[PDB]
>>> print(open('query_35.txt').read())   # compact mmCIF, C-alpha atoms
# COMPACT_ATOMS: atom_id res chain seq x y z
CA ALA Q 1 207.85 158.86 124.56
CA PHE Q 2 204.31 159.30 123.11
CA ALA Q 3 202.34 158.12 120.01
CA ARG Q 4 202.54 160.01 116.62
CA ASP Q 5 198.72 160.39 116.76
CA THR Q 6 198.97 162.67 119.90
CA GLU Q 7 197.86 166.36 119.75
CA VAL Q 8 200.39 169.04 120.85
CA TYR Q 9 200.79 172.78 121.64
CA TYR Q 10 203.81 175.13 121.07
CA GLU Q 11 204.80 178.77 120.25
CA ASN Q 12 207.29 180.37 117.79
CA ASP Q 13 207.64 183.85 116.11
CA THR Q 14 205.28 185.24 118.86
CA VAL Q 15 202.30 183.05 117.77
CA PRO Q 16 200.83 179.69 118.99
CA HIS Q 17 200.61 176.46 116.96
CA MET Q 18 198.25 173.52 117.72
CA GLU Q 19 198.17 170.28 115.62
CA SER Q 20 199.24 166.58 115.77
CA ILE Q 21 202.88 166.01 116.82
CA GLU Q 22 203.64 164.22 113.49
CA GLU Q 23 202.47 167.40 111.64
CA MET Q 24 204.77 169.77 113.64
CA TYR Q 25 207.58 167.16 113.23
CA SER Q 26 207.05 167.12 109.40
CA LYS Q 27 207.08 170.97 109.41
CA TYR Q 28 210.31 171.30 111.45
CA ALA Q 29 211.99 168.39 109.60
CA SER Q 30 211.22 170.25 106.27
CA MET Q 31 212.48 173.61 107.72
CA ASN Q 32 215.60 172.57 109.76
CA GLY Q 33 216.28 168.89 108.74
CA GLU Q 34 216.50 165.58 110.64
CA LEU Q 35 219.79 164.51 112.30
CA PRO Q 36 220.71 160.90 113.25
CA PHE Q 37 220.83 159.55 116.82
CA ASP Q 38 221.99 156.31 118.57
CA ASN Q 39 218.43 155.12 119.29
CA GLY Q 40 216.52 157.08 116.57
CA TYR Q 41 216.44 160.58 114.93
CA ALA Q 42 216.28 164.22 116.18
CA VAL Q 43 215.23 167.68 114.73
CA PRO Q 44 217.01 170.86 116.10
CA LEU Q 45 214.81 173.87 117.13
CA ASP Q 46 215.20 177.69 117.39
CA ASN Q 47 213.11 179.99 119.70
CA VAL Q 48 210.42 177.26 120.25
CA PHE Q 49 208.48 177.60 123.54
CA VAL Q 50 205.95 175.56 125.63
CA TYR Q 51 204.00 175.96 128.92
CA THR Q 52 205.85 174.26 131.85
CA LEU Q 53 204.88 173.77 135.55
CA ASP Q 54 207.20 174.44 138.54
CA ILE Q 55 206.63 171.19 140.58
CA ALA Q 56 208.22 172.87 143.67
CA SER Q 57 205.77 175.85 144.14
CA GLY Q 58 203.14 174.82 141.51
CA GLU Q 59 203.72 178.01 139.44
CA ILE Q 60 202.88 178.41 135.72
CA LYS Q 61 205.66 179.59 133.35
CA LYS Q 62 206.96 179.32 129.72
CA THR Q 63 210.21 177.51 128.67
CA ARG Q 64 212.25 176.75 125.48
CA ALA Q 65 212.46 173.28 123.87
CA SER Q 66 215.91 172.15 122.55
CA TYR Q 67 214.97 169.56 119.86
CA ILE Q 68 212.25 167.17 118.66
CA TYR Q 69 213.10 163.42 118.87
CA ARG Q 70 211.69 160.03 117.64
CA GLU Q 71 212.42 156.25 118.08
CA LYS Q 72 210.65 152.84 117.46
CA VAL Q 73 208.68 150.68 119.96
CA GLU Q 74 206.51 147.54 119.75
CA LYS Q 75 204.98 147.83 123.28
CA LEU Q 76 203.04 150.89 124.53
CA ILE Q 77 200.57 151.64 127.41
CA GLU Q 78 197.13 153.22 126.78
CA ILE Q 79 195.60 155.15 129.76
CA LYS Q 80 191.91 156.16 129.27
CA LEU Q 81 190.36 159.21 131.07
CA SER Q 82 186.83 160.02 132.39
CA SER Q 83 186.84 162.91 129.79
CA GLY Q 84 186.90 160.29 126.93
CA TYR Q 85 190.56 161.03 125.95
CA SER Q 86 193.45 158.48 126.01
CA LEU Q 87 197.19 158.94 126.75
CA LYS Q 88 199.30 156.50 124.63
CA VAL Q 89 202.86 156.34 126.03
CA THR Q 90 205.89 154.05 126.69
CA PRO Q 91 205.93 151.89 129.92
CA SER Q 92 208.96 153.94 131.15
CA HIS Q 93 207.28 157.39 130.79
CA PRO Q 94 206.59 159.38 134.04
CA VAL Q 95 203.11 161.00 134.25
CA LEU Q 96 202.22 163.69 136.85
CA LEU Q 97 199.91 161.99 139.41
CA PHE Q 98 198.23 163.23 142.66
CA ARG Q 99 198.53 161.35 146.01
CA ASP Q 100 198.74 164.12 148.69
CA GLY Q 101 201.39 165.78 146.42
CA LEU Q 102 202.74 166.22 142.87
CA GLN Q 103 204.52 162.97 141.87
CA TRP Q 104 206.07 161.56 138.66
CA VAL Q 105 204.96 157.90 138.14
CA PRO Q 106 205.81 155.62 135.12
CA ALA Q 107 202.80 154.32 133.09
CA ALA Q 108 203.84 150.71 134.04
CA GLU Q 109 203.13 151.67 137.73
CA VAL Q 110 199.97 153.69 136.85
CA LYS Q 111 196.71 151.82 137.76
CA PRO Q 112 193.05 152.48 136.78
CA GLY Q 113 191.30 155.16 138.92
CA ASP Q 114 194.37 157.29 139.83
CA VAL Q 115 194.46 161.14 139.61
CA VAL Q 116 196.25 162.79 136.64
CA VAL Q 117 197.41 166.43 137.02
CA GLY Q 118 196.55 169.01 134.32
CA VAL Q 119 194.49 172.20 133.60
CA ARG Q 120 191.15 173.04 131.86
CA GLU Q 121 191.89 172.13 128.20
CA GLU Q 122 189.17 174.54 126.93
CA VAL Q 123 190.80 177.48 128.83
CA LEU Q 124 194.21 176.47 127.35
CA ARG Q 125 192.63 177.01 123.83
CA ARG Q 126 190.89 180.42 124.47
CA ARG Q 127 192.37 183.71 123.03
CA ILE Q 128 193.14 184.90 126.63
CA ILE Q 129 194.25 182.00 128.91
CA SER Q 130 192.96 182.33 132.52
CA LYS Q 131 196.35 181.54 134.17
CA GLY Q 132 197.44 180.37 137.67
CA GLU Q 133 195.14 177.32 138.09
CA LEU Q 134 195.26 173.50 137.63
CA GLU Q 135 192.67 170.66 137.26
CA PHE Q 136 192.66 166.97 138.41
CA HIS Q 137 191.47 164.14 136.05
CA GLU Q 138 190.31 160.52 136.79
CA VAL Q 139 191.85 157.48 135.00
CA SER Q 140 189.00 155.46 133.40
CA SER Q 141 191.07 152.31 132.49
CA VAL Q 142 194.66 151.15 131.57
CA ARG Q 143 196.05 148.50 129.10
CA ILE Q 144 199.26 147.32 127.33
CA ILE Q 145 198.98 147.56 123.51
CA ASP Q 146 200.95 146.65 120.36
CA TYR Q 147 202.01 149.96 118.73
CA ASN Q 148 204.85 148.68 116.44
CA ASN Q 149 205.36 152.34 115.32
CA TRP Q 150 207.47 155.54 115.82
CA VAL Q 151 207.09 157.51 119.11
CA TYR Q 152 208.23 161.06 120.00
CA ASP Q 153 209.88 163.13 122.76
CA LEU Q 154 210.08 167.01 122.78
CA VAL Q 155 213.16 167.85 124.78
CA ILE Q 156 213.36 170.50 127.58
CA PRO Q 157 216.89 170.80 129.18
CA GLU Q 158 215.51 173.68 131.38
CA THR Q 159 212.92 171.59 133.40
CA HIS Q 160 212.41 168.23 131.53
CA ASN Q 161 208.57 168.72 131.58
CA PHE Q 162 205.80 170.34 129.43
CA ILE Q 163 201.95 170.59 129.03
CA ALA Q 164 199.85 169.26 126.09
CA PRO Q 165 196.73 171.17 124.71
CA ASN Q 166 194.56 168.38 126.27
CA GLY Q 167 195.63 169.98 129.64
CA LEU Q 168 197.83 167.11 131.01
CA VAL Q 169 201.44 167.54 132.40
CA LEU Q 170 204.19 165.34 130.79
CA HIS Q 171 207.85 164.50 131.67
CA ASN Q 172 210.61 163.91 129.07
CA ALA Q 173 211.34 160.16 128.75
CA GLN Q 174 212.22 157.45 126.18
>>> encode(input="query_35.txt", output="structure tokens")
Amino acid sequence: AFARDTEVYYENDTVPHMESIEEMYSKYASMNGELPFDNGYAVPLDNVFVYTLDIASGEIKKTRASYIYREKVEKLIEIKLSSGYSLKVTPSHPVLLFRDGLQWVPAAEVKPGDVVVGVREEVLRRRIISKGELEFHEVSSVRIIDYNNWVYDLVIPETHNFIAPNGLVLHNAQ
């Protein structure tokens, strides 16, 4: 799962949306309602799509999300990038790393200086997106932090992975 402060990208009614995850959560929770879960709460979706990567052939495609989800955590990992951005995520959460191949590694096993997989985040926010490419990013530093707050997951039963507007590739995890 990821922090409520995180920026996100999605599409519905043939148009893109780009805002903080807590803002799209508050929109969908006001439209469709919030349902209970064992470990937290969930919001059901309809015709909501995101960019997803085929890890097998490295091909770019679009997939549906099933529901939004949230739960509570005290302990989170912050990973800083050479771009000046930071990824704030649970110690369990697999990130797409590069070591001779595309590999899913939990933030607790991520170390400073490793390669994160993504795409040009400026190109991802143009009117026409120059498709069929990817971009590698350097980890600046890592640390364990006290969040004590609600964290999200945006669920994809097709592939279990999606891309954020900041270019990075994410896996579904608690």
>>> residues_around(input="query_35.txt", residues="segment 125-142 of chain Q", least_positions_apart="4", cutoff="10 Å", atoms="all atoms listed in the file", output="PyMOL selection string")
chain Q and resi 9+16+18+53+58-61+77-88+97-98+107-108+110-121+165-168
>>> closest_residue(input="query_35.txt", among="Q:99, Q:75, Q:171, Q:27", to="residue 153 of chain Q", atoms="only C-alpha atoms")
Q:171
>>> residues_near_point(input="query_35.txt", point="(205.9, 163.9, 114.3)", cutoff="12 Å", atoms="all atoms listed in the file", output="number ranges by chain")
Q: 1-8, 19-30, 34, 41-43, 68-71, 149-154
>>> residues_near_point(input="query_35.txt", point="(204.8, 156.8, 137.0)", cutoff="9 Å", atoms="all atoms listed in the file", output="PyMOL selection string")
chain Q and resi 91-97+103-110
>>> atom_distance(input="query_35.txt", atom1="atom CA of residue 63 of chain Q", atom2="atom CA of residue 156 of chain Q")
7.8 Å
>>> atom_distance(input="query_35.txt", atom1="atom CA of residue 76 of chain Q", atom2="atom CA of residue 143 of chain Q")
8.7 Å
>>> closest_residue(input="query_35.txt", among="Q:14, Q:155, Q:147, Q:172", to="residue 44 of chain Q", atoms="all atoms listed in the file")
Q:155
>>> atom_distance(input="query_35.txt", atom1="atom CA of residue 38 of chain Q", atom2="atom CA of residue 173 of chain Q")
15.2 Å
>>> axis_aligned_box(input="query_35.txt", around="segment 89-108 of chain Q", padding_each_side="4 Å", output="AutoDock Vina command-line options")
--center_x 203.6 --center_y 158.5 --center_z 137.4 --size_x 18.7 --size_y 23.5 --size_z 30.7
>>> residues_around(input="query_35.txt", residues="residue 15 of chain Q", least_positions_apart="2", cutoff="12 Å", atoms="all atoms listed in the file", output="count of residues only")
12
>>> closest_residue(input="query_35.txt", among="Q:160, Q:37, Q:89, Q:124", to="residue 64 of chain Q", atoms="all atoms listed in the file")
Q:160
>>> decode(input="query_35.txt", residues="segment 134-151 of chain Q", atoms="N, CA, C and O atoms", output="PDB file, in the first residue's frame")
ATOM      1  N   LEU Q 134      10.346   3.079 -22.044  1.00  0.00           N
ATOM      2  CA  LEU Q 134      10.510   3.059 -20.587  1.00  0.00           C
ATOM      3  C   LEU Q 134      11.757   3.874 -20.196  1.00  0.00           C
ATOM      4  O   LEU Q 134      12.606   4.166 -21.040  1.00  0.00           O
ATOM      5  N   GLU Q 135      11.887   4.221 -18.917  1.00  0.00           N
ATOM      6  CA  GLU Q 135      13.006   4.988 -18.358  1.00  0.00           C
ATOM      7  C   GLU Q 135      13.404   4.484 -16.957  1.00  0.00           C
ATOM      8  O   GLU Q 135      12.556   4.271 -16.086  1.00  0.00           O
ATOM      9  N   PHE Q 136      14.708   4.327 -16.727  1.00  0.00           N
ATOM     10  CA  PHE Q 136      15.304   3.889 -15.461  1.00  0.00           C
ATOM     11  C   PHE Q 136      15.635   5.080 -14.545  1.00  0.00           C
ATOM     12  O   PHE Q 136      16.023   6.146 -15.039  1.00  0.00           O
ATOM     13  N   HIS Q 137      15.464   4.923 -13.226  1.00  0.00           N
ATOM     14  CA  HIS Q 137      15.590   5.987 -12.219  1.00  0.00           C
ATOM     15  C   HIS Q 137      16.474   5.529 -11.043  1.00  0.00           C
ATOM     16  O   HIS Q 137      16.298   4.418 -10.549  1.00  0.00           O
ATOM     17  N   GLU Q 138      17.395   6.368 -10.560  1.00  0.00           N
ATOM     18  CA  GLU Q 138      18.294   6.030  -9.440  1.00  0.00           C
ATOM     19  C   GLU Q 138      17.670   6.351  -8.069  1.00  0.00           C
ATOM     20  O   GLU Q 138      17.223   7.478  -7.824  1.00  0.00           O
ATOM     21  N   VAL Q 139      17.706   5.391  -7.136  1.00  0.00           N
ATOM     22  CA  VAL Q 139      17.388   5.642  -5.722  1.00  0.00           C
ATOM     23  C   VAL Q 139      18.465   6.526  -5.076  1.00  0.00           C
ATOM     24  O   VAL Q 139      19.637   6.161  -4.988  1.00  0.00           O
ATOM     25  N   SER Q 140      18.042   7.668  -4.541  1.00  0.00           N
ATOM     26  CA  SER Q 140      18.871   8.632  -3.812  1.00  0.00           C
ATOM     27  C   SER Q 140      19.184   8.176  -2.380  1.00  0.00           C
ATOM     28  O   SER Q 140      20.359   8.132  -2.012  1.00  0.00           O
ATOM     29  N   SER Q 141      18.163   7.775  -1.603  1.00  0.00           N
ATOM     30  CA  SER Q 141      18.286   7.268  -0.221  1.00  0.00           C
ATOM     31  C   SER Q 141      17.049   6.433   0.159  1.00  0.00           C
ATOM     32  O   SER Q 141      16.025   6.518  -0.522  1.00  0.00           O
ATOM     33  N   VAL Q 142      17.114   5.649   1.242  1.00  0.00           N
ATOM     34  CA  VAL Q 142      15.951   4.957   1.848  1.00  0.00           C
ATOM     35  C   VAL Q 142      15.910   5.151   3.370  1.00  0.00           C
ATOM     36  O   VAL Q 142      16.966   5.256   3.995  1.00  0.00           O
ATOM     37  N   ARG Q 143      14.714   5.164   3.978  1.00  0.00           N
ATOM     38  CA  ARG Q 143      14.526   5.155   5.448  1.00  0.00           C
ATOM     39  C   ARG Q 143      13.171   4.585   5.890  1.00  0.00           C
ATOM     40  O   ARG Q 143      12.184   4.683   5.162  1.00  0.00           O
ATOM     41  N   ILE Q 144      13.105   4.055   7.114  1.00  0.00           N
ATOM     42  CA  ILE Q 144      11.854   3.662   7.791  1.00  0.00           C
ATOM     43  C   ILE Q 144      11.319   4.849   8.594  1.00  0.00           C
ATOM     44  O   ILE Q 144      12.052   5.451   9.386  1.00  0.00           O
ATOM     45  N   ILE Q 145      10.036   5.146   8.414  1.00  0.00           N
ATOM     46  CA  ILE Q 145       9.333   6.302   8.979  1.00  0.00           C
ATOM     47  C   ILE Q 145       8.069   5.900   9.752  1.00  0.00           C
ATOM     48  O   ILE Q 145       7.460   4.853   9.507  1.00  0.00           O
ATOM     49  N   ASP Q 146       7.626   6.793  10.636  1.00  0.00           N
ATOM     50  CA  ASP Q 146       6.370   6.662  11.374  1.00  0.00           C
ATOM     51  C   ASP Q 146       5.226   7.420  10.680  1.00  0.00           C
ATOM     52  O   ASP Q 146       5.035   8.627  10.854  1.00  0.00           O
ATOM     53  N   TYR Q 147       4.440   6.694   9.889  1.00  0.00           N
ATOM     54  CA  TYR Q 147       3.256   7.222   9.194  1.00  0.00           C
ATOM     55  C   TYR Q 147       2.047   7.418  10.122  1.00  0.00           C
ATOM     56  O   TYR Q 147       1.463   8.502  10.156  1.00  0.00           O
ATOM     57  N   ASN Q 148       1.678   6.366  10.875  1.00  0.00           N
ATOM     58  CA  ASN Q 148       0.501   6.334  11.760  1.00  0.00           C
ATOM     59  C   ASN Q 148      -0.813   6.778  11.074  1.00  0.00           C
ATOM     60  O   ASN Q 148      -1.682   7.382  11.705  1.00  0.00           O
ATOM     61  N   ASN Q 149      -0.977   6.503   9.777  1.00  0.00           N
ATOM     62  CA  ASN Q 149      -2.075   7.031   8.965  1.00  0.00           C
ATOM     63  C   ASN Q 149      -2.628   5.985   7.965  1.00  0.00           C
ATOM     64  O   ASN Q 149      -2.103   4.874   7.863  1.00  0.00           O
ATOM     65  N   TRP Q 150      -3.724   6.301   7.269  1.00  0.00           N
ATOM     66  CA  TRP Q 150      -4.336   5.422   6.266  1.00  0.00           C
ATOM     67  C   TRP Q 150      -3.521   5.373   4.967  1.00  0.00           C
ATOM     68  O   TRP Q 150      -3.041   6.397   4.471  1.00  0.00           O
ATOM     69  N   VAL Q 151      -3.385   4.171   4.415  1.00  0.00           N
ATOM     70  CA  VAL Q 151      -2.678   3.860   3.162  1.00  0.00           C
ATOM     71  C   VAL Q 151      -3.622   3.179   2.182  1.00  0.00           C
ATOM     72  O   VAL Q 151      -4.575   2.530   2.610  1.00  0.00           O
TER      73      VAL Q 151
END
